Amino acid sequence: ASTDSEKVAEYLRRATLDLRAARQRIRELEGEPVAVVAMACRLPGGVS
Amino acid sequence: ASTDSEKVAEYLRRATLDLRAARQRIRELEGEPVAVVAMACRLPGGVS
Amino acid sequence: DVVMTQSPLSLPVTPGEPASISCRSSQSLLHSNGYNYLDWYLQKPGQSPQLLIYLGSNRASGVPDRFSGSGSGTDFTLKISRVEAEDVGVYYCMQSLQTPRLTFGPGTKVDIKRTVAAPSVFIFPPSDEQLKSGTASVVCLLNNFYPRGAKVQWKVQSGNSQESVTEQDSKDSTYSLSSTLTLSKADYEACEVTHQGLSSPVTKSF
Amino acid sequence: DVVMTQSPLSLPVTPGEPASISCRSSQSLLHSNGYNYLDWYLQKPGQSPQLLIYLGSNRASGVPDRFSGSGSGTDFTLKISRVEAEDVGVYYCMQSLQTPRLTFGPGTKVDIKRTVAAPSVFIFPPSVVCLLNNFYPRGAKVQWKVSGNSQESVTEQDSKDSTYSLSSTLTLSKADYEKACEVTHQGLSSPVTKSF
Amino acid sequence: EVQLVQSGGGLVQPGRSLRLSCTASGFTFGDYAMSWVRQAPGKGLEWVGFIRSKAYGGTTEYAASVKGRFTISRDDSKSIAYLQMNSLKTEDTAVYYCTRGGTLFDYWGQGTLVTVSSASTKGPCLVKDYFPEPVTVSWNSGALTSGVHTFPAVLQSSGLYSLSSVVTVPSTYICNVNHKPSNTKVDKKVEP
Amino acid sequence: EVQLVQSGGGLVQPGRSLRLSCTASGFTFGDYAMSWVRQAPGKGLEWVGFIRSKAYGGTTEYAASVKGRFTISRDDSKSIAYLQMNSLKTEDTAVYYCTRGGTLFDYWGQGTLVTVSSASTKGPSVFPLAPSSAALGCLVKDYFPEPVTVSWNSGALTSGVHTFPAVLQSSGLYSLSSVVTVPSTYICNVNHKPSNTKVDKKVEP
C-alpha cells in the first residue's frame, strides 16, 4: 500500500535471515571447536 | 531512478542469489555422490 | 483478482511416494519487478499454522528439505517428496499482489490413503434416555465407511438435524460418524445414507 | 549527501595483524525500512572493480570471509581480519540516497608498510631531469626555481622492497638557457639542492 | 529467540469489553508490524486487523465487520500489542492469533481462546444439557478401553451442549459421565 | 556462468563517430539495467550513463559533459548493449566499462581502451648522457604510439632497472626514461616496432 516498499522490506528481512542462518550452518559444519572434558594417563616412574 | 521501487529489487535479487548459492554449497558438502572408476580383484579359483 | 483455484480438496497420500498440489489462479501475478506474489501456508491439526514457501518458490529456514515449489505467470504447483505421517494437515494457496486479504480460503485437506469401506447403519428408534421428559431426538449411526464423503437424511421427511465426525478413526482410517435428528413431543407419533463405497441406499425403521 | 572516507589515505599495512578503514558521512541514512544505503568497492591494480559489501554488512558470495563491515548510519567502518598478500589498491565508500552519483570518490590507498628510508638526489645537465630513488613512504616536493611548467612520473611500490622511485624532467625547448632542484621528504631533513 | 506468548481471555457475557496482549521477545519489535487472525471453531481463517510500523506512522486497518467495535494499540516501551474487545456479539467467539508481519506472515506466535454468551451449569447415554465447556467419560469405571467412540460436542439452540459415546459387541456396561463443576456421576447400566 | 565482454575501440581523430558493444550471457538480460562507467587514465571513476529496463520502460539520463553529445542503444534479441559516439573529443580518451545494475554495481565487464588523438607514428630521439654517475640515463622522446620497448646492454643487465611509465607531451608525443645502476661498457637499446625502428646507443661519463 504505502508506495510499494510495504511488502518488499519483509521479503528482504526474511532473505537476510535465511542467508545468515545458512552461513552459520556452513561455519558450524566446517569449523566447530571441540572441547576436552576428561583425561587419564598411565606413564612410567610410578605415574598413575 | 524511482525511489523504493527499483533499488530494493536489485538487493532482493542479490540476496536470493546468495541464499541459493549458500544452500547449494551446504547440499554439496553434506551429500555429494562419489563415483567408482577402476576395478581390481584376486579371488579363489582361477580368478585374476 | 481471485484465487478460487485449488487442487483436489480430498487428496490422499501414502508414505514413501511423492505428491503434488497445484493451484492456477486468475490474471497473472507476475509483478513488473519480475517476481511472483504467491505464498504457501500449512496448518498442522491441533496447533498454530506455519509458513512453508514465501514469494515465488523459496523454502523458508527450518522447513524440511523435502518440500519444494514451482510457479509461472498463472500456474503454480507445490511438489512434495516422500510423505511421512506428520505431513497430514491443511494447505493454502495465498496471494499478495492484490488488496489486503479477507480470507485464506477453503484450502486443501490431505489424509492417509485407505481402501474403500462401507458403513454400519445403526439406528436407534428406541429412545428412553430423554423419554418421559421430552424428545430424545433419536440417532442413526455409521461406522468405518472410508472415504469420509457421506451424507444422511431422515424420512418418515425432516429439515433439521445435527451431525458430528471423528478424526479418521485413528489407525483404522475409516472416519466413523454419528447423526442426530431434531424432533419434539407433538411429532412423536428413517435415516437414509449413501456414499460411493455403498452400492445402494439403505434405510431401516427399527 | 556528502561523504568522505576520512580514513588514512595511505594506510600502510603488514600481513598477519588486521586493520580497519573508517568511513565518516554526513547526516545518517537510516531509511524508513530499517537499513543503511552504503556499499563498499575494491579496485585491484590494473583490474576491473568488484563489489565487496552492499547495504549494512552482508558481504556477497565469492568474497573471502576475512572481510566484514559494521557501523551505524553515520559512522560506517569496515573491518578486515588478518592481512595477507594483495588486497592493495583503492577502496571506495558508496552511498545510495542520491541516485545521480557522479564520482566514486578519491578513495583510500593500501600498501605494504616499511621503514622511513631516506631518498637520494641526482641531477642530469643537458631538457634536464631530476630523479630520486627509494624514498618510502611515498612523497616528494619539486620546486625548480633557478617554476610553473614541469612533468614527472612515479613507478609502482617497488615490489621487492616497497620503496618508490621518482623522475621529473625540466620542461625546456632549445638554447634559451642563460645562467634549482631540491626535494623535501617526510623521512628526510631540510632538502638538498644540486642546481646544475 | 522469538516468542509472542499472548495471554488474556475467558468467558464474557454479550455486550461487554475485554483486552488481549501480545508480548514480543528477542527481535527488535519496533520495525515489524503486528496482526490479529481469528479462527472460528469448525471453520477456516479470517483476518481481523493490523497496525503499521512507526516508520510509516500508526495507520490501522480494521478490515470489515468491526468498524470501531475493537481497537488495536501498540506499545514500544515493553514491546506489547493490545487488542481491545468491546461489545461482543455471540458469533465473535473463536480462537485468536497474534502474528508478525503486515503481508508475509512470520513465526505466527500462538493462539488463545475466548467464549461468549450467558448461561449456568446444569449437569448431564446421551449426556445432554451441560455447560461448563468440557466433559469427560470414564467408560466402565475406566475398565473397558476398547471400541471407544467419544464424539465432540455440538452447539444447540440454547447452548447446553450434548455428547455421544458407543461401543459394540456381538455377545456389564456402565458408560457413566463426569462433570467437573458439579460432579454428577450417574453410571447406570442399560439393556435394549 | 555470467560473462560480460566489450568490443569496439581504437584510435579516432576528433569529431569522428563510433559504437561500443556489450555482450551478456548466462542470465535473463531483460530484467537487469545496464550502466556505463569511464575511468580517466590516471584519475578516479566517473559514472556516464544508465539505461533502465523495459519492465519499467524508461530511458537514460546521462550527465554533464555527455548530455546531448552521444546516446545509448539496447536490444533484446541477443542482449547486446550499444553506446554511440558522436563528435569525439581528446579529453574523452579513457578506458570504458560496461557493468550490470543501475544502482548496485554488480559483476563488471573487462574494459576497452578507446583513444582519441590526431598524429602519426614517429621515430624516437635519444639525447642520452652520463654526467658523473649510479642510474645511467638514456631517455626516449618524441615517439608515437605508446608501444615501445627498452633494455640495457642489448637486454643483458636486468638488476635494478627503473624504467618509468609514459607521459603525454604537450605536442601529443611521449617521453620515457630508463636508469638502473653502475657503482664502478654499457649500451642502451630501444625498439619501436610500431615505427619499426632499432636504436642502440653507447653512453660514457
# chains A, B, ... in the order shown; residues from 1 in each chain; ligands from 1
call {"tool": "residues_around", "arguments": {"residues": "region 49-52 of chain E", "least_positions_apart": "6", "cutoff": "7 Å", "atoms": "only C-alpha atoms", "output": "PyMOL selection string"}}
result
chain E and resi 33-36+58-63+102
call {"tool": "write_last_selection", "arguments": {"atoms": "N, CA, C and O atoms", "output": "PDB file, in the first residue's frame"}}
result
ATOM      1  N   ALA E  33       5.452  -5.114  12.007  1.00  0.00           N
ATOM      2  CA  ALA E  33       4.048  -4.750  12.125  1.00  0.00           C
ATOM      3  C   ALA E  33       3.252  -5.937  12.647  1.00  0.00           C
ATOM      4  O   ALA E  33       3.460  -7.074  12.212  1.00  0.00           O
ATOM      5  N   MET E  34       2.340  -5.670  13.573  1.00  0.00           N
ATOM      6  CA  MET E  34       1.572  -6.721  14.220  1.00  0.00           C
ATOM      7  C   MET E  34       0.266  -6.973  13.473  1.00  0.00           C
ATOM      8  O   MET E  34      -0.198  -6.148  12.682  1.00  0.00           O
ATOM      9  N   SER E  35      -0.326  -8.137  13.733  1.00  0.00           N
ATOM     10  CA  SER E  35      -1.572  -8.520  13.085  1.00  0.00           C
ATOM     11  C   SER E  35      -2.340  -9.472  13.990  1.00  0.00           C
ATOM     12  O   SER E  35      -1.772 -10.115  14.875  1.00  0.00           O
ATOM     13  N   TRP E  36      -3.647  -9.556  13.751  1.00  0.00           N
ATOM     14  CA  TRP E  36      -4.534 -10.431  14.507  1.00  0.00           C
ATOM     15  C   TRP E  36      -5.355 -11.270  13.543  1.00  0.00           C
ATOM     16  O   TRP E  36      -5.939 -10.735  12.595  1.00  0.00           O
ATOM     17  N   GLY E  58       1.112   5.372  12.222  1.00  0.00           N
ATOM     18  CA  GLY E  58       0.357   4.498  13.097  1.00  0.00           C
ATOM     19  C   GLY E  58      -0.959   4.067  12.489  1.00  0.00           C
ATOM     20  O   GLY E  58      -1.942   3.853  13.205  1.00  0.00           O
ATOM     21  N   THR E  59      -0.988   3.939  11.166  1.00  0.00           N
ATOM     22  CA  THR E  59      -2.218   3.579  10.478  1.00  0.00           C
ATOM     23  C   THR E  59      -2.668   2.179  10.878  1.00  0.00           C
ATOM     24  O   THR E  59      -1.861   1.250  10.970  1.00  0.00           O
ATOM     25  N   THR E  60      -3.968   2.036  11.121  1.00  0.00           N
ATOM     26  CA  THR E  60      -4.563   0.759  11.484  1.00  0.00           C
ATOM     27  C   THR E  60      -5.747   0.494  10.569  1.00  0.00           C
ATOM     28  O   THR E  60      -6.608   1.360  10.398  1.00  0.00           O
ATOM     29  N   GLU E  61      -5.787  -0.700   9.988  1.00  0.00           N
ATOM     30  CA  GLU E  61      -6.881  -1.122   9.122  1.00  0.00           C
ATOM     31  C   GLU E  61      -7.647  -2.232   9.826  1.00  0.00           C
ATOM     32  O   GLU E  61      -7.062  -3.252  10.200  1.00  0.00           O
ATOM     33  N   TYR E  62      -8.951  -2.030  10.004  1.00  0.00           N
ATOM     34  CA  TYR E  62      -9.786  -2.956  10.753  1.00  0.00           C
ATOM     35  C   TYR E  62     -10.642  -3.832   9.849  1.00  0.00           C
ATOM     36  O   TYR E  62     -11.643  -4.392  10.309  1.00  0.00           O
ATOM     37  N   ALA E  63     -10.265  -3.957   8.575  1.00  0.00           N
ATOM     38  CA  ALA E  63     -10.959  -4.814   7.621  1.00  0.00           C
ATOM     39  C   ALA E  63     -12.439  -4.473   7.529  1.00  0.00           C
ATOM     40  O   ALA E  63     -12.807  -3.386   7.070  1.00  0.00           O
ATOM     41  N   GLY E 102       3.122  -7.579   8.168  1.00  0.00           N
ATOM     42  CA  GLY E 102       1.940  -6.979   7.580  1.00  0.00           C
ATOM     43  C   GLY E 102       1.372  -7.782   6.430  1.00  0.00           C
ATOM     44  O   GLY E 102       0.156  -7.969   6.336  1.00  0.00           O
TER      45      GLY E 102
END
call {"tool": "closest_atom_pairs", "arguments": {"of": "chain B", "to": "chain D", "cutoff": "9 Å", "atoms": "only C-alpha atoms", "output": "CSV"}}
result
residue,atom,partner,partner_atom,distance
B:1,CA,D:99,CA,6.3
B:2,CA,D:99,CA,8.8
B:3,CA,D:99,CA,8.5
B:7,CA,D:96,CA,8.8
B:11,CA,D:54,CA,8.1
B:14,CA,D:60,CA,7.9
B:15,CA,D:60,CA,8.2
B:17,CA,D:61,CA,8.8
B:18,CA,D:61,CA,6.0
B:21,CA,D:61,CA,7.7
B:22,CA,D:61,CA,8.3
call {"tool": "residues_around", "arguments": {"residues": "residue 137 (chain C)", "least_positions_apart": "5", "cutoff": "9 Å", "atoms": "only C-alpha atoms", "output": "compact mmCIF listing (two decimals) with C-alpha atoms, in the first residue's frame"}}
result
# COMPACT_ATOMS: atom_id res chain seq x y z
CA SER C 127 -35.40 -43.55 22.83
CA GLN C 130 -34.72 -38.48 27.39
CA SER C 161 -30.70 -32.42 12.39
CA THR C 180 -28.74 -36.71 15.44
CA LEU C 181 -32.16 -35.66 14.17
CA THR C 182 -34.20 -32.90 15.82
CA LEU C 183 -37.79 -33.55 16.91
CA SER C 184 -40.33 -32.55 19.56
call {"tool": "calpha_fit_rmsd", "arguments": {"fixed": "chain A", "moving": "chain B"}}
result
1.0 Å
call {"tool": "interface_residues", "arguments": {"of": "chain E", "to": "chain C", "cutoff": "6 Å", "atoms": "only C-alpha atoms", "output": "ChimeraX atom specification"}}
result
/E:46-47,110
call {"tool": "residues_around", "arguments": {"residues": "region 27-30 of chain D", "least_positions_apart": "6", "cutoff": "9 Å", "atoms": "only C-alpha atoms", "output": "JSON list (two decimals) with C-alpha atoms, in the first residue's frame"}}
result
[["chain", "number", "residue", "atom", "x", "y", "z"],
["D", 1, "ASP", "CA", 24.67, 13.85, 0.81],
["D", 2, "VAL", "CA", 28.43, 14.44, 1.00],
["D", 36, "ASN", "CA", 21.66, 1.84, 5.67],
["D", 37, "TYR", "CA", 22.24, 2.56, 1.98],
["D", 38, "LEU", "CA", 26.02, 2.22, 1.99],
["D", 72, "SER", "CA", 25.74, 2.78, 12.41],
["D", 73, "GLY", "CA", 24.02, 5.07, 9.91],
["D", 74, "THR", "CA", 26.66, 7.79, 10.15],
["D", 75, "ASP", "CA", 29.80, 6.01, 11.46],
["D", 95, "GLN", "CA", 26.06, 5.93, -0.91],
["D", 96, "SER", "CA", 22.62, 5.32, -2.37],
["D", 97, "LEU", "CA", 20.29, 8.09, -1.14]]
call {"tool": "interface_residues", "arguments": {"of": "chain C", "to": "chain B", "cutoff": "10 Å", "atoms": "only C-alpha atoms", "output": "PyMOL selection string"}}
result
chain C and resi 32-35+58
call {"tool": "residues_around", "arguments": {"residues": "residue 199 (chain C)", "least_positions_apart": "4", "cutoff": "10 Å", "atoms": "only C-alpha atoms", "output": "PyMOL selection string"}}
result
chain C and resi 118+194-195
call {"tool": "write_last_selection", "arguments": {"atoms": "N, CA, C and O atoms", "output": "PDB file, in the first residue's frame"}}
result
ATOM      1  N   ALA C 118     -17.505 -49.569   3.942  1.00  0.00           N
ATOM      2  CA  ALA C 118     -18.950 -49.417   3.950  1.00  0.00           C
ATOM      3  C   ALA C 118     -19.446 -49.169   5.366  1.00  0.00           C
ATOM      4  O   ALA C 118     -18.866 -49.679   6.328  1.00  0.00           O
ATOM      5  N   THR C 194     -25.980 -42.816   1.932  1.00  0.00           N
ATOM      6  CA  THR C 194     -25.420 -43.307   0.682  1.00  0.00           C
ATOM      7  C   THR C 194     -24.065 -42.660   0.450  1.00  0.00           C
ATOM      8  O   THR C 194     -23.909 -41.448   0.625  1.00  0.00           O
ATOM      9  N   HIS C 195     -23.089 -43.473   0.057  1.00  0.00           N
ATOM     10  CA  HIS C 195     -21.766 -42.970  -0.277  1.00  0.00           C
ATOM     11  C   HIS C 195     -21.121 -43.954  -1.240  1.00  0.00           C
ATOM     12  O   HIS C 195     -21.579 -45.090  -1.389  1.00  0.00           O
TER      13      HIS C 195
END
call {"tool": "closest_atom_pairs", "arguments": {"of": "chain F", "to": "chain C", "cutoff": "10 Å", "atoms": "only C-alpha atoms", "output": "tab-separated table"}}
result
residue	atom	partner	partner_atom	distance
F:30	CA	C:34	CA	9.7
F:31	CA	C:34	CA	7.0
F:32	CA	C:33	CA	9.6
F:53	CA	C:33	CA	9.6
F:54	CA	C:32	CA	9.3
F:55	CA	C:32	CA	5.5
F:56	CA	C:32	CA	7.0
call {"tool": "residues_around", "arguments": {"residues": "region 165-167 of chain E", "least_positions_apart": "2", "cutoff": "8 Å", "atoms": "only C-alpha atoms", "output": "mmCIF file with N, CA and C atoms, in the first residue's frame"}}
result
data_model
loop_
_atom_site.group_PDB
_atom_site.id
_atom_site.type_symbol
_atom_site.label_atom_id
_atom_site.label_comp_id
_atom_site.auth_asym_id
_atom_site.auth_seq_id
_atom_site.Cartn_x
_atom_site.Cartn_y
_atom_site.Cartn_z
ATOM 1 N N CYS E 125 -26.320 -43.521 26.300
ATOM 2 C CA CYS E 125 -26.023 -42.392 27.173
ATOM 3 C C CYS E 125 -25.789 -41.111 26.374
ATOM 4 N N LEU E 126 -26.810 -40.250 26.339
ATOM 5 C CA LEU E 126 -26.743 -39.025 25.550
ATOM 6 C C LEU E 126 -25.830 -37.976 26.169
ATOM 7 N N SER E 146 -11.831 -50.272 24.952
ATOM 8 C CA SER E 146 -11.902 -50.750 23.580
ATOM 9 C C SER E 146 -13.206 -50.297 22.945
ATOM 10 N N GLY E 147 -13.159 -50.033 21.641
ATOM 11 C CA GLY E 147 -14.347 -49.613 20.919
ATOM 12 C C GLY E 147 -14.882 -48.264 21.339
ATOM 13 N N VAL E 148 -14.042 -47.421 21.939
ATOM 14 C CA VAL E 148 -14.492 -46.106 22.373
ATOM 15 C C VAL E 148 -14.684 -45.203 21.161
ATOM 16 N N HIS E 149 -15.794 -44.472 21.148
ATOM 17 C CA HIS E 149 -16.141 -43.602 20.030
ATOM 18 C C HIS E 149 -16.688 -42.275 20.545
ATOM 19 N N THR E 150 -16.003 -41.696 21.528
ATOM 20 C CA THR E 150 -16.400 -40.396 22.051
ATOM 21 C C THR E 150 -16.364 -39.348 20.947
ATOM 22 N N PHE E 151 -17.437 -38.570 20.840
ATOM 23 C CA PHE E 151 -17.565 -37.596 19.771
ATOM 24 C C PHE E 151 -17.599 -36.175 20.327
ATOM 25 N N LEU E 163 -23.441 -34.762 24.100
ATOM 26 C CA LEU E 163 -22.346 -35.640 23.707
ATOM 27 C C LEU E 163 -22.869 -36.962 23.162
ATOM 28 N N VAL E 169 -20.463 -55.036 20.481
ATOM 29 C CA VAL E 169 -20.006 -56.388 20.791
ATOM 30 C C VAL E 169 -21.108 -57.368 20.401
ATOM 31 N N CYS E 175 -21.063 -47.074 30.912
ATOM 32 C CA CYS E 175 -20.878 -45.802 30.216
ATOM 33 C C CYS E 175 -20.379 -44.735 31.181
#
call {"tool": "atom_distance", "arguments": {"atom1": "CA of residue 120 (chain F)", "atom2": "CA of residue 191 (chain F)"}}
result
17.0 Å
call {"tool": "atom_distance", "arguments": {"atom1": "CA of residue 22 (chain E)", "atom2": "CA of residue 81 (chain E)"}}
result
5.1 Å
call {"tool": "interface_residues", "arguments": {"of": "chain F", "to": "chain D", "cutoff": "7 Å", "atoms": "only C-alpha atoms", "output": "short mmCIF file (atom, residue, chain, number, x, y, z; two decimals) with C-alpha atoms, in the first residue's frame"}}
result
data_model
loop_
_atom_site.label_atom_id
_atom_site.label_comp_id
_atom_site.auth_asym_id
_atom_site.auth_seq_id
_atom_site.Cartn_x
_atom_site.Cartn_y
_atom_site.Cartn_z
CA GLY F 44 39.11 8.33 -10.46
CA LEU F 45 35.99 6.63 -11.78
CA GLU F 46 33.08 8.72 -13.06
CA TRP F 47 29.62 7.46 -13.97
CA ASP F 106 27.33 -5.88 -9.69
CA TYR F 107 29.64 -8.07 -11.82
CA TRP F 108 31.58 -5.88 -14.25
CA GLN F 110 36.62 -6.17 -18.93
CA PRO F 131 77.21 13.46 -16.19
CA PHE F 164 59.33 4.95 -15.74
CA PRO F 165 55.81 4.94 -17.23
#
call {"tool": "atom_distance", "arguments": {"atom1": "CA of residue 1 (chain C)", "atom2": "CA of residue 75 (chain C)"}}
result
14.2 Å
